[PDB]
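Residue numbers (the numbering used here), protein chains in the order written: chain Y, 1 to 160; chain L, 1001 to 1292; chain V, 2001 to 2726.
C-beta atoms are modelled at their ideal positions from N, C-alpha and C, and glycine is treated no differently.
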């Protein structure tokens, strides 16, 4: 059950600086795209609705909450790089020491690197020192080299 | 049902810097005038009660929430000035595009400017470029020129007036040059005036002292007054008289003298500071806020 | 009246289900095991007494406690509700709940605890009843509580565990290189019942405004906050008494007109508090009472021992402490956990402080990886004149910038600061650049609740190579706060903490390879098998000084403890010898908190390594020592007092017996004085330093030459020097 976005603005008292800008005063207290209220390059079409996918997801008690990949360093000449993985998971205590993280860097099915490590705590940092990997470049300055990075939480006994 | 102000202070644990000052420790965690607990120029009389008016108000669905008048620029020689109106209203969506804002700047019945605009959103900035208007000065440097500013919300079909807000504003600019100096309308002014203290330990009688007490400053030829932070905030009539008589107002917040750095006191003070600023930011006599 | 709820309780424990148990009903309905428990205590102590776990101090038994990190703990007991008069208050005081618990009194929840490091007081006046009452505490898994939070990138990958970052517990309990992983749980400090009067003292905050030692005067401020019913206003008086041994110094009476008051007390005939060496640790009993003006009935009384001193952190680790106007040279140790099961900390405090008194430390840094020590620790430091540098409880990592963590840290900081701000020994708070925690939350608490002490928003470990390398000898830090060197513990400790087949360290008899139990005692946090690592510091530092690692265990202990003793003594002589530029050295550390292999100089069971005795001889108020010079050496005497002294010094070569120097010296107060240049000796050997001051003999030494030395020759030089045992 969706309400009127425009009428929501009147639940707030605006400060002086929020009045008189090219952005609409209706947009100041709400978290919506400002151009929806009208702009010199967009029509006023406030609209409403479920504008992106709606899904149902089934998760296990052991699940990956977030996989954060970070480049510490890159050496394009040596075709090397150091990539960190900041991994956060949900992990029932009975699953501590009984689950492992399986980390794979690959390129078109060819495995570049595989690292496995036992999950002894819910959050971990894994640093990967990679060889034979090309750097990512914007157009003109080189090739936009990409690599498939995969992480899985695998039971050490059943392989689940 | 009012309870004891003194006993309320024992619901707070005080920091060291709030213990041992001139203002009472009972004053540190409560939003009251510190002078009610006693000072060297005021007795100890905490008191209680409904010390200002109690009214019942009926508002239409279309009503003016706030009319904020701001002097953008002023040209005393050419008798010109740019004034801004930051208008916020309650506006049912059915009344969108069906109400207009009517703005009238007048003086002694003589219309200076009239502007109409269709209300398409609840909040708007209107800019007025006025001609044939004089600037507002403190005493000595010019006349305390005032103009009536009126804003009304009118049904575009029936002409029904849903709300009207009226006040007297002054066209003036104020700057502080920083051990400082005030700059009114681009001219450095010399300040000479008194510190305003509580008009009465029983503050419900303050409103009856205002007229005669401001006259004292008029006969004195004060051009500035500093409202002391140990006192309450004065009501609207005090600032209206300071507008009429060209007396600049230095407004302290109601501090006394160090206070809590924690979240609860900061939320109570922000609530008060927003209420007082919105109430008084349209008076040309007001020139400076101070943390005190 | 205070009534102790300590003693025998009932403890039921069980694995924590996916939905944590939080109600009395859920606790009694769960499948678990019931055993008797002792309060204060730790759940592993009760379990070991019940024969359910094995001694975690021995072998690899620490790893067997791992499953209990996912358990819940249900404490239970009954008490007799005290008599309460109209207006009085009944308070249930917890000195330490570890950690996330729901507290119930007579089926009514009275509080939700969530901080291991501070007290928790609950007003239970209206929920108690006549006859037997019921106290039930239901603790949850601390480790699992971490998964209720989403961590920022900075909180992942540090030496401190990711499980520690969102929770307010001692970081070292999750495992450290000097502490075992032993999360534990329980009521680890006192549980008491307190009756308060409607007229009571909330807080008594003693602040020293000024001190005049020569005139024996001081100005003390009393910031008093009280609860006072209004019909008690102008009818109660405060009775402020400052005394020493019964002899009174001040009696001031003031009529209580408001609930909070600042009383300024200008005192005469009072001596100032000083750290060790710089004077006496003069303390005075400060007593404040609320007394009825008519009946003389005393409603409350707060008594403590205060000290009159001023502290200023003078920046130029480029800083020096200014105590009572004099620049003091700090020498002391870092203070680490006293026990992995912190309910036994109170039983160790007195003997552990005695280690520092005999060492002659004038300062101690309470490491942020540990809990905050209780009041008795600071009372002893006040009594023995040991300055206390207190970290807030955060180890080696980065923390959340969000509101919920800031609120929990603020509440903790207000609690501990108000608790400790009246101890004269306390001299500094430390947060341990855009960080909200260390540059806003903690600094705002010190700003409002302790403007009298400096707040600090240096550490020489590094490669840990030869102790004479320029990493140490040319570090320009005037004040160092961490520096240490490995030393193998005494044989008697090795035989007590290792299995019989694991006392000898060498895996498969290969010198340099450690068996699995020694690896566990590294400490190793998780049971993960590997060779090398932290233990290799012992063999690497032995090989640098003596060429090779001895295979015989006794020879290895002596070689390792000799390298630690020479290195640590060298660091202290290097900072004492380069005054006035060097302002202080806080070394690491004096005592283990668990039977382990470490860089401490005395183990958990009180076994002092050779470093303790070497250090003791370079920690005197006035110490003669030798520092290397351009060509040759330099005999110096360092004075860490405000008094001049005179003496005679003699330096001889131990092997040949030749005299190198003999003469008289004056040691001017609070400075380093150069006595004489000493000519370059040939080859390797040891010089003995003998000096006499006020009819008392003192001994030091200097090892000359360059490594590697021969172990048996160095052992001959020590025995012929006659100072230390072997």
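Determine the chain V residues that contact residue i at a beta-carbon separation under 7 Å, and present them in chain order.
i: residue 94 (chain Y); result: 2070
For residue i, does the count of other Cβ atoms within 10 angstroms reach 16, so buried, or fall short, so exposed?
i: residue 1290 (chain L); result: exposed
i: residue 1001 (chain L); result: exposed
i: residue 85 (chain Y); result: buried
i: residue 1180 (chain L); result: exposed
i: residue 1285 (chain L); result: buried
i: residue 1217 (chain L); result: buried
i: residue 2526 (chain V); result: exposed
i: residue 26 (chain Y); result: buried
i: residue 1273 (chain L); result: exposed
i: residue 2150 (chain V); result: exposed
i: residue 2569 (chain V); result: buried
i: residue 2396 (chain V); result: exposed
i: residue 2636 (chain V); result: buried
i: residue 1251 (chain L); result: buried
i: residue 42 (chain Y); result: exposed
i: residue 2159 (chain V); result: exposed
Out of the options, which has the shortest C-alpha to C-alpha gap to residue i?
i: residue 2455 (chain V); options: V:2461, V:2442, V:2524 and V:2177; result: V:2442
i: residue 2405 (chain V); options: V:2241, V:2288, V:2169 and V:2643; result: V:2169
i: residue 120 (chain Y); options: Y:51, Y:99 and Y:25; result: Y:99
i: residue 2408 (chain V); options: V:2042, V:2067, V:2116 and V:2628; result: V:2116
i: residue 2103 (chain V); options: V:2073, V:2003, V:2488 and V:2510; result: V:2073
i: residue 2299 (chain V); options: V:2677, V:2109, V:2353 and V:2229; result: V:2229
i: residue 1165 (chain L); options: L:1157, L:1087 and L:1078; result: L:1087
i: residue 2722 (chain V); options: V:2659, V:2503, V:2646 and V:2689; result: V:2689
i: residue 2538 (chain V); options: V:2250, V:2262 and V:2567; result: V:2567
i: residue 2060 (chain V); options: V:2521, V:2392, V:2089 and V:2708; result: V:2521
i: residue 2189 (chain V); options: V:2512, V:2458, V:2371 and V:2129; result: V:2371
i: residue 2554 (chain V); options: V:2575, V:2506 and V:2014; result: V:2506
i: residue 1069 (chain L); options: L:1279, L:1046 and L:1209; result: L:1279
Anything in chain V within Cβ reach of residue i, meaning under 9 Å, just list it in chain order.
i: residue 1026 (chain L); result: 2258, 2259 and 2260
i: residue 86 (chain Y); result: 2151, 2153, 2156 and 2157
Assuming residue i and residue j make a contact with CB atoms under 8 Å, what is their CB distance in whole Å?
i: residue 2619 (chain V); j: residue 2698 (chain V); result: The Cβ separation is near 11 Å, so there is no contact.
i: residue 151 (chain Y); j: residue 101 (chain Y); result: 6 Å
i: residue 2271 (chain V); j: residue 2282 (chain V); result: 4 Å
i: residue 2119 (chain V); j: residue 1015 (chain L); result: Not really, about 20 Å apart at Cβ, beyond 8 Å.
So with CB distances below 8 Å, who are the chain Y contacts of residue i?
i: residue 1090 (chain L); result: 10
Name the chain Y residues that come within less than 7 Å of residue i, Cβ to Cβ?
i: residue 2144 (chain V); result: 93
i: residue 1068 (chain L); result: 16
i: residue 2526 (chain V); result: 120
Taking Cβ-Cβ distances shorter than 7 Å, what residues in chain L pair up with residue i?
i: residue 2447 (chain V); result: 1261
For a contact meaning CB atoms closer than 8 Å, what does residue i contact in chain L?
i: residue 2202 (chain V); result: 1013
i: residue 2451 (chain V); result: 1016 and 1017
Which chain L residues sit within Cβ distance under 9 Å of residue i?
i: residue 2444 (chain V); result: 1261 and 1262
Can you pull the chain Y residues whose beta carbon is under 9 Å from the beta carbon of residue i, in chain order?
i: residue 2141 (chain V); result: 93
Could you check if residue i belongs to the surroundings of the ligand ATP, using beta carbon to heavy atom distance under 8 Å?
i: residue 1239 (chain L); result: No copy of the ligand ATP appears in this structure; indeed no ligand is present at all.
Problem set entry | Positions along the region 2311-2337 of chain V whose CB lies within less than 7 Å of some CB in chain Y | none
Exercise. Using Cβ-Cβ distances below 7 Å, what residues of the region 1046-1061 of chain L are close to chain V?
Worked result: Per Cβ criterion, the list is empty.
For this session: Taking a Cβ distance cut-off of 9 Å, strictly less, list which residues of the region 2002-2020 of chain V are near chain Y, in chain order.
Result: The region 2002-2020 of chain V vs chain Y, Cβ under 9 Å: 2015, 2016 and 2018.
Exercise. Quick one, which residues of the region 1141-1161 of chain L are near chain C if we go by CB-CB under 8 Å, in chain order?
Worked result: The structure shown has no chain C; the protein chains it does contain are Y, L and V.
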